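What follows is one structure encoded as structure tokens, with my remarks underneath.
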Amino acid sequence: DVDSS
Amino acid sequence: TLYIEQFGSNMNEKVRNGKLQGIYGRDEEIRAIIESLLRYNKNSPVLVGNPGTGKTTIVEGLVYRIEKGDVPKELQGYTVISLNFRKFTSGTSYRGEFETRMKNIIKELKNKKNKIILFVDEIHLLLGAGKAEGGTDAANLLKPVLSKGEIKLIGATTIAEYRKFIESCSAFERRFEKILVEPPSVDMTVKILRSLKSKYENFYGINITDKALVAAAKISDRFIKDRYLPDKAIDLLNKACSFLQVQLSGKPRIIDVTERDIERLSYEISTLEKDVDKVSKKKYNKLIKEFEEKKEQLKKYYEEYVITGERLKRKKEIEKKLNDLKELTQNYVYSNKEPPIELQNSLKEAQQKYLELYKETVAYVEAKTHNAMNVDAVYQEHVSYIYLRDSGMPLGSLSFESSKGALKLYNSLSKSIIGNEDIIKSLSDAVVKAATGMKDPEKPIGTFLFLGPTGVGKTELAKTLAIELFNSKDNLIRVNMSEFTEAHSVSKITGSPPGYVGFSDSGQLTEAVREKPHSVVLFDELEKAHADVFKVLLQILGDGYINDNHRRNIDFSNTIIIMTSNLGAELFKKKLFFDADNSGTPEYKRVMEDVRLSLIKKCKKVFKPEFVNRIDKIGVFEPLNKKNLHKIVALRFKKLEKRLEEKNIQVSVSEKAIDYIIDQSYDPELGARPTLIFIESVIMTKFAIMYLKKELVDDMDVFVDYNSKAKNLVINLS
Amino acid sequence: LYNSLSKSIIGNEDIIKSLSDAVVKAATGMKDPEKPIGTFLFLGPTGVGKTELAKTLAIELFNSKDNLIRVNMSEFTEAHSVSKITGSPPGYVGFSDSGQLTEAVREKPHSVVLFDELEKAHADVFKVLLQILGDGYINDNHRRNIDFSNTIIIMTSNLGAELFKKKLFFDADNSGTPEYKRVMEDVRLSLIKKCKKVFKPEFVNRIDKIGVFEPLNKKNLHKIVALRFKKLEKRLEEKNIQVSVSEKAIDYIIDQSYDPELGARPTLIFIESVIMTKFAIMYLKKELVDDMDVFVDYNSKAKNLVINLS
Amino acid sequence: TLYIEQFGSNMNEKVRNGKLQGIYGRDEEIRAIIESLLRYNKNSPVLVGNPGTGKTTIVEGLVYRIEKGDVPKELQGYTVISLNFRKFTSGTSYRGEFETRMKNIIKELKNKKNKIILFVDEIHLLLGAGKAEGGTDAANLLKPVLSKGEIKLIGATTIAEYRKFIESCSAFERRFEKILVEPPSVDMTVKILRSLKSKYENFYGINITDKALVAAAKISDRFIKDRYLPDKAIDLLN
Ligand SMILES: Nc1ncnc2c1ncn2[C@@H]1O[C@H](COP(=O)(O)OP(=O)(O)OP(O)(O)=S)[C@@H](O)[C@H]1O
Ligand SMILES: Nc1ncnc2c1ncn2[C@@H]1O[C@H](COP(=O)(O)OP(=O)(O)OP(O)(O)=S)[C@@H](O)[C@H]1O
Ligand SMILES: Nc1ncnc2c1ncn2[C@@H]1O[C@H](COP(=O)(O)OP(=O)(O)OP(O)(O)=S)[C@@H](O)[C@H]1O
Ligand SMILES: Nc1ncnc2c1ncn2[C@@H]1O[C@H](COP(=O)(O)OP(=O)(O)OP(O)(O)=S)[C@@H](O)[C@H]1O
């Protein structure tokens, strides 16, 4: 789960 | 005056001027020359011996006994001349000139009124001299007249020069008598160094403790094999006295290194700051913190230079006044009184004040190990410093911080190596034998055997050890023992015997040990190796004295011998060890010790029983539990940051995300490898494919965390 | 020599009675003119003192450890390792020196020649060895004659140790009676019959005395441990730390780590890995003055303790 | 003005000319030579080590410290001479010329009023020089002197040349002192390459990013095993 946060 | 006197040099005049004053007694060797000089027939001894054993010092000592009269009177009054070839061969230009040079030399030596006994430095050079196209050799001219007794001659050659050059012309041999110069037998060499102390104390001005004199003998002789004894034992004091002059006439070494480095790190601040702000921000901010803290270390360093400077002068003040008033006040002891009041008032403080200043130095030497500031005394730590430098231990590990890092080894090993704590104590204690100096000589330190199933980290203990004990990957002299399946591959160890290809190089394993005598030697898999290779190593475990193609002794002292080998793949039970290891029981303690006793019995069958007793500690590594493997995976992510320093991508992981990596690929039958295959072939791909497509900027931190709901890993990017 | 060797090693007095008697021929000069003084062939289990008989002869007959010529036979397992002894024949690399062994014997013509691990060699090195034991007449590369007269030749090999009648005489012989001693003659004869089949029976013709070492008894090994502590100050003489040990603590070292099959190398490691390491880690932290009187004593409470005095 | 300057090239004139300008010296290495250059007997260190690991760099770094003055006050003003084996073979016209050639060299070395110190490029050589049919072994001409401290001398060879030739004599070897040069342990080589930017920037007009420098080292480290390290990182940058 790629999350840019 | 005489015709030979301008050739070479007159050795007798230099004794009169004091250039060659004094020799230690080698009286059985010296009187053997005097008797050979008094013989009826030949009167030409040759000092055959090893190159370092002082063959010329016998003759340099023999001239001192002539002029001072310690000879029988039949040899009284002769003068001794050396003959260098720098002056001897200058007249060989014209065709009939060198024989006239030889003719007048014989005409003076045959004279009895001309009392000269001749000396040459190395006779094997003299054979090939004066060989013109119409002219004979200088040795062949001497052969009819050296048999005649009137020409007195003394010479010295080394053994390897005497067997190659004199023995090629056997007729030239019989004119000469051997007198064997012998190696000086270490317990006599201690008396040689004590004889030479006042000569060094005048040239160097530095006090030399007798602790260093024994350390200049036993450490020099027993630990280094070439350059026979007095060329070793005198050499370290020749370096000990030279080492302290630079720290006294100049600054001490620590201040000298730090002042050069801060000037260099300030130059690197000029390189990074002018560049554009980027990835180099992290290294620039690293170097600014390094620049200040090393500069603040100076402020306590100069304090130590002044305080030990005050300690040195205050000891030097009492050596000028009361030390001389103790000794010179020896006059009128007989009746004008030697022990009344005030004669002892100052003698009383000479034991109180001087020994207190002495103990402040000795406590400072053990604290600041090899680089004590403002110390006029040579110590064992100074002699070991020179030994450790020329033997080749790298400059920032384990000996320059003497007796301080050996305690911190077991704490440092655990981070690098979590599991299997019992074997690591034995690796720590073996270095404790090394760092203290207390060990068996001619026995290699720490001949460990590492048994176990695959992937429990048997070679890890060894890869991390060279990084830990030496801070250098190159000191891990790994040899692939799995290469030695053939019986005839034994010659890769010791090399090829003479008369075969590759004799000029030595053995491929042994040539590295001459380069690196302080090294942790590997043997990767003794499980898969032929039994004839075991015959050769058998030597290296009981003694350090394995021999080469040239039979040069090799120092496997100060060499930790780690031997990983398997002896498994059956016999380590599939259901009583692999699957049951998670449940922490004392039932471990009758199953691990049970299976170990068969493994030592297995070494009696596959290896030899001579390995069973010579190996110091047969460690058997436990198969990996969850709690240890939870931190072994955590290590990989610490190692993953090192692969990503060039790209500035820090990687971090939550402990729940570690557990899902464990639960998908936990096989104790392998252990620690399929977890890394699950890391490097699955998790590492999106560390990789998210860079090709632009999901990873070069400054992005990653925090892997298990969702524990949606069941898939999440990648936290900032 | 017979009293000096018994103080230095606690070995079989039978081998020493033969070894010291061969040396008597050297001083009298009545000996074999072209045969070496006292050829031997030592045998026994691993770990017992087959080499240190030949090592203390450098210490007693010559008082010089370098005068021993320790030829490590284990590097001669390849068949073409003959050329280290006699050297390379002319026309090849390494013809300048006479050889790795023969240059050493010419340098010191009075030496105890040591062949550790005679078994671990190819049969070709055995062929040259028949010349050395029968005559001095080995020849060099340049055909220089050598004299192995005035040189004791001592070879040791590990053969036996499976034939040597295992645990019956290892584990059960804790005391030497005539009842146990009758086994050793029956094993020694089978060792000689084993020596015929591997070591090419004509070797037995040259060898003057085939000694066989017995495995170490607890009363036998008790004296050896006392010798190690006398040698323990020899590495501490530069540090001046005297280390005396009471006899009951020596009994605790033996009873915890006695392995009669291994020749009590585990007793020696148990010294170096336990009581020496505690001497070593106590020197790191500041508990040891360079002058400390040290007296190891066992307090009979399942604990050894190290008594220290300044 | 020296006779030896005709045959050995003078290292000391290069630092005054600016042929070498600032050396990243190895601080614990260079001072061992200075401690060997003052000695009661030997006075002859040799830099045993590796083909690409900076042997000259230490002695070029030594002259940079002598000419400016960082050495102790005894060694100040000493002249260092790099010998040229192309100029030793110019003699030997028929016979005896090389002994005139040798004796004039050693006489200036005996004078302490002369500040001269030899630097042999490779003592791998000197064994074949001057050996004619009547030859008398140029290296063995040095043997009666080197035991005394009359000749200050520095050497620098590889380990393979040290084993194949220097140990063959076994009496020529004992006067020299092995000063083991070590490969510079990557973290220092980044500090090397950052000290080499200012010369490389001006010689090319090309800026070098510091991210390429750690990339120039780390690709050179593991990925090429032979040709020891300072040859690799300097060339792959260059
Ligand atoms: N008994 C001794 N007394 C004083 N100095 C000694 C003694 N033995 C050795 N030396 C010193 O150690 C060196 C021994 O010199 P030598 O072995 O004769 O070497 P050499 O003079 O070059 O002749 P070579 O090289 O052996 S052929 C000299 O520097 C001596 O000062
Ligand atoms: N105790 C441990 N500490 C740190 N890393 C470990 C440990 N055990 C295993 N590893 C890791 O798992 C791998 C172990 O490699 P090794 O097992 O030493 O190679 P190897 O020793 O030849 O394996 P075997 O047992 O001979 S098949 C490496 O990736 C290590 O980083
Ligand atoms: N009879 C004995 N007298 C004195 N010391 C002994 C005796 N037997 C064994 N030792 C000691 O135990 C060790 C014996 O070393 P050695 O066995 O001679 O070496 P080695 O002979 O090559 O061994 P093997 O049998 O060939 S594996 C040394 O530490 C000796 O001091
Ligand atoms: N620490 C350093 N400081 C400055 N320059 C260096 C350093 N290390 C290496 N170099 C450079 O890299 C080159 C390496 O030189 P060396 O390794 O000494 O080769 P060499 O001078 O030809 O002697 P050889 O071939 O190794 S016997 C030199 O020309 C230096 O300019």
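We name chains A, B, ... following the order of the structure tokens; residues begin at 1 in each chain, and ligands are numbered from 1 as shown.
In this structure, the chain C residues at most 12 Å away from chain D are residues 94, 96 and 97 of chain C, with only C-alpha atoms considered.
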Any chance you can output those residues with N, CA, C and O atoms as a PDB file, in the first residue's frame?
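Written output follows (result_1.pdb):
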ATOM      1  N   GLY C  94      65.114 -23.718  -8.120  1.00  0.00           N
ATOM      2  CA  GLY C  94      65.516 -24.032  -6.767  1.00  0.00           C
ATOM      3  C   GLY C  94      66.712 -24.941  -6.651  1.00  0.00           C
ATOM      4  O   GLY C  94      66.821 -25.676  -5.666  1.00  0.00           O
ATOM      5  N   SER C  96      69.817 -23.917  -6.411  1.00  0.00           N
ATOM      6  CA  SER C  96      70.901 -23.243  -5.698  1.00  0.00           C
ATOM      7  C   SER C  96      71.051 -23.773  -4.277  1.00  0.00           C
ATOM      8  O   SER C  96      72.156 -24.125  -3.852  1.00  0.00           O
ATOM      9  N   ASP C  97      69.957 -23.852  -3.532  1.00  0.00           N
ATOM     10  CA  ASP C  97      70.037 -24.492  -2.232  1.00  0.00           C
ATOM     11  C   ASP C  97      69.990 -26.009  -2.378  1.00  0.00           C
ATOM     12  O   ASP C  97      69.527 -26.550  -3.387  1.00  0.00           O
TER      13      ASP C  97
END
Do you know which residues are at most 7 Å from residue 5 of chain A counting only C-alpha atoms, after dropping those on the same chain fewer than 3 positions away, and could you put them as a PyMOL selection string?
chain B and resi 716-718
Kindly provide the residues of chain D that approach ligand 4 to within 8 Å, each paired with its closest atom pair and their distance in Å to one decimal, based on only C-alpha atoms and all ligand atoms, listed by chain and increasing number, as CSV.
residue,atom,partner,partner_atom_place_in_ligand_line,distance
D:23,CA,ligand 4,4 (C),5.1
D:24,CA,ligand 4,3 (N),4.1
D:25,CA,ligand 4,1 (N),5.3
D:26,CA,ligand 4,1 (N),6.3
D:49,CA,ligand 4,26 (O),7.8
D:50,CA,ligand 4,26 (O),5.8
D:51,CA,ligand 4,26 (O),3.5
D:52,CA,ligand 4,17 (O),3.5
D:53,CA,ligand 4,17 (O),3.7
D:54,CA,ligand 4,18 (O),3.1
D:55,CA,ligand 4,18 (O),3.5
D:56,CA,ligand 4,18 (O),4.2
D:57,CA,ligand 4,18 (O),5.3
D:58,CA,ligand 4,1 (N),7.4
D:61,CA,ligand 4,3 (N),7.7
D:121,CA,ligand 4,27 (S),7.6
D:122,CA,ligand 4,27 (S),7.0
D:156,CA,ligand 4,27 (S),6.2
D:157,CA,ligand 4,27 (S),5.0
D:158,CA,ligand 4,27 (S),5.6
D:189,CA,ligand 4,1 (N),7.9
D:192,CA,ligand 4,1 (N),5.9
D:195,CA,ligand 4,3 (N),8.0
D:196,CA,ligand 4,4 (C),7.3
D:230,CA,ligand 4,9 (C),5.2
D:231,CA,ligand 4,14 (C),5.9
D:234,CA,ligand 4,12 (O),6.4
Okay, now the selection with N, CA, C and O atoms, as a CSV table (one decimal), in the first residue's frame?
chain,number,residue,atom,x,y,z
D,23,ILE,N,49.9,18.2,0.0
D,23,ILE,CA,49.7,16.7,0.0
D,23,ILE,C,48.8,16.3,1.1
D,23,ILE,O,49.0,16.7,2.3
D,24,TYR,N,47.8,15.5,0.8
D,24,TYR,CA,47.0,14.8,1.9
D,24,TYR,C,47.9,13.7,2.4
D,24,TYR,O,47.9,12.6,2.0
D,25,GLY,N,48.7,14.1,3.4
D,25,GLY,CA,49.7,13.2,4.0
D,25,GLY,C,49.0,12.2,4.9
D,25,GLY,O,47.8,12.4,5.4
D,26,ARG,N,49.6,11.1,5.1
D,26,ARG,CA,49.2,10.1,6.1
D,26,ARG,C,50.0,10.3,7.4
D,26,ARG,O,51.2,10.0,7.4
D,49,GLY,N,54.8,-2.2,0.4
D,49,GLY,CA,53.4,-2.1,0.3
D,49,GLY,C,52.9,-2.6,-1.1
D,49,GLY,O,53.3,-3.6,-1.7
D,50,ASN,N,52.0,-1.8,-1.7
D,50,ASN,CA,51.2,-2.2,-2.8
D,50,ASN,C,51.5,-1.3,-4.0
D,50,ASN,O,51.8,-0.1,-3.9
D,51,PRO,N,51.2,-1.8,-5.2
D,51,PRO,CA,51.6,-1.1,-6.5
D,51,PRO,C,50.8,0.3,-6.7
D,51,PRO,O,51.5,1.3,-7.1
D,52,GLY,N,49.6,0.3,-6.3
D,52,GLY,CA,48.8,1.6,-6.5
D,52,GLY,C,48.6,2.4,-5.2
D,52,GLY,O,47.9,3.4,-5.3
D,53,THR,N,49.1,1.9,-4.1
D,53,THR,CA,48.9,2.6,-2.8
D,53,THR,C,49.8,3.7,-2.3
D,53,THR,O,50.4,3.6,-1.2
D,54,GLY,N,50.1,4.8,-3.1
D,54,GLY,CA,50.9,5.9,-2.7
D,54,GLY,C,52.2,5.9,-2.1
D,54,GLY,O,52.5,6.7,-1.1
D,55,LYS,N,53.2,5.1,-2.6
D,55,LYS,CA,54.5,5.1,-2.0
D,55,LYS,C,55.3,6.4,-2.2
D,55,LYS,O,56.0,6.8,-1.2
D,56,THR,N,55.2,7.1,-3.3
D,56,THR,CA,55.9,8.3,-3.7
D,56,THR,C,55.2,9.4,-2.9
D,56,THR,O,55.8,10.4,-2.4
D,57,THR,N,53.9,9.2,-2.8
D,57,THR,CA,53.0,10.2,-2.1
D,57,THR,C,53.4,10.5,-0.7
D,57,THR,O,53.4,11.6,-0.2
D,58,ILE,N,53.8,9.4,0.0
D,58,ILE,CA,54.5,9.6,1.3
D,58,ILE,C,55.8,10.4,1.3
D,58,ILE,O,56.1,11.2,2.2
D,61,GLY,N,55.0,13.8,0.2
D,61,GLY,CA,54.5,14.5,1.4
D,61,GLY,C,55.6,14.7,2.4
D,61,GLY,O,55.4,15.6,3.3
D,121,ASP,N,63.9,5.0,-6.0
D,121,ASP,CA,62.5,4.7,-6.4
D,121,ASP,C,62.2,3.3,-6.2
D,121,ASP,O,61.1,3.0,-5.7
D,122,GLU,N,63.0,2.4,-6.6
D,122,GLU,CA,62.8,0.9,-6.4
D,122,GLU,C,64.1,0.3,-6.0
D,122,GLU,O,65.0,0.2,-6.9
D,156,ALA,N,61.1,2.3,-1.5
D,156,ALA,CA,59.7,2.0,-1.7
D,156,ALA,C,59.5,1.0,-2.7
D,156,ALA,O,59.8,1.2,-3.9
D,157,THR,N,59.1,-0.3,-2.3
D,157,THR,CA,58.8,-1.3,-3.3
D,157,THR,C,57.5,-2.0,-2.9
D,157,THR,O,57.0,-1.8,-1.9
D,158,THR,N,57.1,-2.9,-3.8
D,158,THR,CA,55.9,-3.7,-3.6
D,158,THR,C,56.3,-4.9,-2.8
D,158,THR,O,57.5,-5.2,-2.7
D,189,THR,N,39.6,7.7,1.9
D,189,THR,CA,39.7,8.0,0.5
D,189,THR,C,38.7,9.0,0.0
D,189,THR,O,39.0,9.7,-1.0
D,192,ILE,N,40.5,11.8,0.9
D,192,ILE,CA,41.5,12.0,-0.1
D,192,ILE,C,40.9,12.8,-1.3
D,192,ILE,O,41.4,13.9,-1.6
D,195,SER,N,40.2,16.4,-1.0
D,195,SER,CA,41.4,17.2,-1.0
D,195,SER,C,42.0,17.3,-2.4
D,195,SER,O,43.0,18.0,-2.5
D,196,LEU,N,41.5,16.5,-3.3
D,196,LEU,CA,42.0,16.6,-4.7
D,196,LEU,C,41.1,17.3,-5.7
D,196,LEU,O,41.3,17.2,-6.9
D,230,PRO,N,44.0,3.3,-4.1
D,230,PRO,CA,44.2,4.7,-4.6
D,230,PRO,C,44.5,4.8,-6.1
D,230,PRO,O,44.4,5.9,-6.7
D,231,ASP,N,44.9,3.7,-6.8
D,231,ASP,CA,44.9,3.8,-8.2
D,231,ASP,C,43.5,3.9,-8.8
D,231,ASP,O,43.2,4.6,-9.8
D,234,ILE,N,41.3,7.5,-7.9
D,234,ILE,CA,41.9,8.6,-8.6
D,234,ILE,C,41.6,8.5,-10.1
D,234,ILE,O,41.1,9.5,-10.7
Neighbouring residues of ligand 1 are defined here as those with any atom at most 6 Å from a ligand atom, counting only C-alpha atoms and all ligand atoms; list them as a ChimeraX atom specification.
/B:23-24,51-57,157-158,230-231 /D:41,147,171
What does the list of residues within 9 Å of ligand 3 look like if you count only C-alpha atoms and all ligand atoms, written as number ranges by chain?
B: 538-539, 542, 609-611, 613-614; C: 6, 8-12, 42-55, 116-117, 156-158, 213-216, 220-221, 223-225, 227-228, 262-265, 268
Could you tell me, as a VMD selection string, which residues of segment 48-158 of chain D DSSP assigns to strand (DSSP E or B) when given the backbone?
chain D and resid 48 to 49 79 to 83 116 to 119 153 to 158
Could you turn the residues from that selection into a file that holds C-alpha atoms, as a PDB file, in the first residue's frame?
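Listed below is the output, result_1.pdb:
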ATOM      1  CA  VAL D  48      56.949  -1.924   1.588  1.00  0.00           C
ATOM      2  CA  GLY D  49      53.399  -2.144   0.255  1.00  0.00           C
ATOM      3  CA  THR D  79      67.764  17.463   0.724  1.00  0.00           C
ATOM      4  CA  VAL D  80      65.963  14.486  -0.846  1.00  0.00           C
ATOM      5  CA  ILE D  81      67.216  12.975  -4.115  1.00  0.00           C
ATOM      6  CA  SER D  82      65.235  10.642  -6.395  1.00  0.00           C
ATOM      7  CA  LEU D  83      67.703   8.385  -8.190  1.00  0.00           C
ATOM      8  CA  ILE D 116      71.623  15.100   1.215  1.00  0.00           C
ATOM      9  CA  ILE D 117      69.353  12.061   1.698  1.00  0.00           C
ATOM     10  CA  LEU D 118      68.908   9.441  -1.010  1.00  0.00           C
ATOM     11  CA  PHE D 119      65.492   8.276  -2.162  1.00  0.00           C
ATOM     12  CA  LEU D 153      68.166   6.365   2.531  1.00  0.00           C
ATOM     13  CA  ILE D 154      64.477   5.799   1.795  1.00  0.00           C
ATOM     14  CA  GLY D 155      63.099   2.935  -0.267  1.00  0.00           C
ATOM     15  CA  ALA D 156      59.700   2.023  -1.674  1.00  0.00           C
ATOM     16  CA  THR D 157      58.846  -1.317  -3.295  1.00  0.00           C
ATOM     17  CA  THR D 158      55.940  -3.690  -3.597  1.00  0.00           C
TER      18      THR D 158
END
Using only C-alpha atoms and all ligand atoms, find each protein or nucleic acid residue lying at most 7 Å from ligand 2; present the set as number ranges by chain.
B: 416-420, 452-461, 524-525, 564-566, 632, 672-673
Enumerate as number ranges by chain the residues belonging to chain D that approach chain B to within 8 Å, with only C-alpha atoms taken into account.
D: 27-28, 35-36, 38-41, 72-73, 94-97, 99-100, 102-103, 133-137, 141, 144, 159, 164, 170-171, 174, 178-180, 185, 191, 194-195, 209-211, 214-215
Nearby residues (only C-alpha atoms) at most 10 Å from segment 1-3 of chain D, same-chain spacing under 5 positions excluded, as a short mmCIF file (atom, residue, chain, number, x, y, z; two decimals) with C-alpha atoms, in the first residue's frame:
data_model
loop_
_atom_site.label_atom_id
_atom_site.label_comp_id
_atom_site.auth_asym_id
_atom_site.auth_seq_id
_atom_site.Cartn_x
_atom_site.Cartn_y
_atom_site.Cartn_z
CA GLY D 8 69.70 11.57 -9.11
CA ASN D 10 66.38 16.49 -6.88
CA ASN D 104 82.06 10.25 -5.61
CA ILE D 105 78.48 9.62 -4.45
CA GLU D 108 79.09 13.44 -0.29
CA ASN D 114 75.92 17.96 3.12
CA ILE D 116 71.62 15.10 1.21
#
Find, counting only C-alpha atoms, the residue in C:182, C:167, C:80, C:193 that gets nearest to chain B.
C:80
Quick one: contact table of chain C to chain B, 7 Å max, nearest atom pair and distance in Å to one decimal per residue, counting only C-alpha atoms, chain and number order, as JSON lines?
{"residue": "C:46", "atom": "CA", "partner": "B:610", "partner_atom": "CA", "distance": 6.0}
{"residue": "C:74", "atom": "CA", "partner": "B:536", "partner_atom": "CA", "distance": 5.3}
{"residue": "C:75", "atom": "CA", "partner": "B:536", "partner_atom": "CA", "distance": 5.4}
{"residue": "C:77", "atom": "CA", "partner": "B:532", "partner_atom": "CA", "distance": 6.8}
{"residue": "C:78", "atom": "CA", "partner": "B:488", "partner_atom": "CA", "distance": 6.6}
{"residue": "C:81", "atom": "CA", "partner": "B:497", "partner_atom": "CA", "distance": 6.2}
{"residue": "C:83", "atom": "CA", "partner": "B:498", "partner_atom": "CA", "distance": 6.1}
{"residue": "C:84", "atom": "CA", "partner": "B:497", "partner_atom": "CA", "distance": 5.9}
{"residue": "C:87", "atom": "CA", "partner": "B:498", "partner_atom": "CA", "distance": 6.6}
{"residue": "C:88", "atom": "CA", "partner": "B:499", "partner_atom": "CA", "distance": 4.8}
{"residue": "C:92", "atom": "CA", "partner": "B:499", "partner_atom": "CA", "distance": 5.1}
{"residue": "C:93", "atom": "CA", "partner": "B:499", "partner_atom": "CA", "distance": 4.9}
{"residue": "C:94", "atom": "CA", "partner": "B:498", "partner_atom": "CA", "distance": 5.3}
{"residue": "C:96", "atom": "CA", "partner": "B:164", "partner_atom": "CA", "distance": 6.7}
{"residue": "C:100", "atom": "CA", "partner": "B:551", "partner_atom": "CA", "distance": 6.3}
{"residue": "C:120", "atom": "CA", "partner": "B:535", "partner_atom": "CA", "distance": 6.1}
{"residue": "C:235", "atom": "CA", "partner": "B:438", "partner_atom": "CA", "distance": 6.8}
{"residue": "C:238", "atom": "CA", "partner": "B:214", "partner_atom": "CA", "distance": 6.7}
{"residue": "C:262", "atom": "CA", "partner": "B:613", "partner_atom": "CA", "distance": 5.9}
{"residue": "C:265", "atom": "CA", "partner": "B:613", "partner_atom": "CA", "distance": 5.7}
{"residue": "C:266", "atom": "CA", "partner": "B:613", "partner_atom": "CA", "distance": 6.4}
{"residue": "C:269", "atom": "CA", "partner": "B:616", "partner_atom": "CA", "distance": 6.5}
{"residue": "C:277", "atom": "CA", "partner": "B:429", "partner_atom": "CA", "distance": 6.5}
{"residue": "C:280", "atom": "CA", "partner": "B:433", "partner_atom": "CA", "distance": 6.2}
{"residue": "C:281", "atom": "CA", "partner": "B:432", "partner_atom": "CA", "distance": 6.5}
{"residue": "C:284", "atom": "CA", "partner": "B:403", "partner_atom": "CA", "distance": 5.7}
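Counting only C-alpha atoms, segment 219-222 of chain D has the following residues at most 9 Å away, ignoring those fewer than 4 positions along the same chain: residues 186, 214, 215, 228, 229, 232, 233 and 236 of chain D.
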Neighbouring residues of residue 145 of chain B were defined as those with any atom within 10 Å, considering only C-alpha atoms; residues of the same chain fewer than 4 positions away were excluded. Please report them as a compact mmCIF listing (two decimals) with N, CA, C and O atoms, in the first residue's frame.
# COMPACT_ATOMS: atom_id res chain seq x y z
N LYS B 42 97.75 -22.00 7.65
CA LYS B 42 96.92 -21.19 6.76
C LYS B 42 96.62 -19.80 7.31
O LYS B 42 96.68 -18.83 6.55
N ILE B 106 100.51 -7.96 -1.70
CA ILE B 106 101.18 -9.17 -1.23
C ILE B 106 102.57 -8.85 -0.69
O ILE B 106 103.00 -9.43 0.32
N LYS B 110 103.48 -10.07 3.18
CA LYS B 110 104.49 -11.09 3.42
C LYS B 110 105.56 -10.62 4.39
O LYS B 110 106.29 -11.44 4.96
N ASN B 140 92.05 -16.08 -7.42
CA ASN B 140 92.99 -17.07 -7.95
C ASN B 140 94.43 -16.62 -7.80
O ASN B 140 95.34 -17.45 -7.79
N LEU B 141 94.66 -15.31 -7.70
CA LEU B 141 95.99 -14.82 -7.35
C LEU B 141 96.34 -15.14 -5.90
O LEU B 141 97.50 -15.39 -5.59
N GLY B 149 101.67 -19.40 5.00
CA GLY B 149 101.18 -18.88 6.27
C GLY B 149 101.38 -17.41 6.52
O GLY B 149 100.78 -16.87 7.46
N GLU B 150 102.18 -16.73 5.70
CA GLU B 150 102.61 -15.38 6.05
C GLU B 150 101.51 -14.34 5.84
O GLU B 150 101.58 -13.25 6.42
N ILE B 151 100.51 -14.65 5.03
CA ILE B 151 99.43 -13.71 4.76
C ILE B 151 98.32 -14.02 5.75
O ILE B 151 97.60 -15.01 5.62
N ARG B 175 91.64 -23.26 1.62
CA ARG B 175 92.55 -22.30 2.20
C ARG B 175 91.99 -21.67 3.47
O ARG B 175 92.72 -20.91 4.13
What does the distance from atom CA of residue 181 of chain B to atom CA of residue 29 of chain B come to in Å, to one decimal?
7.0 Å
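Near chain A, counting only C-alpha atoms at 9 Å, the chain B residues are residues 690, 695, 707, 712, 713, 714, 715, 716, 717 and 718 of chain B.
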Write the residues of the selection above to a file with C-alpha atoms, as a PDB file, in the first residue's frame.
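Written out: result_33.pdb:
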ATOM      1  CA  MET B 690       8.978   2.728  -6.924  1.00  0.00           C
ATOM      2  CA  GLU B 695       7.294   7.215  -6.444  1.00  0.00           C
ATOM      3  CA  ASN B 707      -1.803  -2.768   8.335  1.00  0.00           C
ATOM      4  CA  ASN B 712      -1.217  -5.647   3.198  1.00  0.00           C
ATOM      5  CA  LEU B 713       1.945  -3.674   4.014  1.00  0.00           C
ATOM      6  CA  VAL B 714       1.756   0.095   3.834  1.00  0.00           C
ATOM      7  CA  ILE B 715       4.707   2.271   2.816  1.00  0.00           C
ATOM      8  CA  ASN B 716       4.936   5.546   4.722  1.00  0.00           C
ATOM      9  CA  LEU B 717       6.562   8.247   2.639  1.00  0.00           C
ATOM     10  CA  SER B 718       7.407  11.779   3.774  1.00  0.00           C
TER      11      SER B 718
END
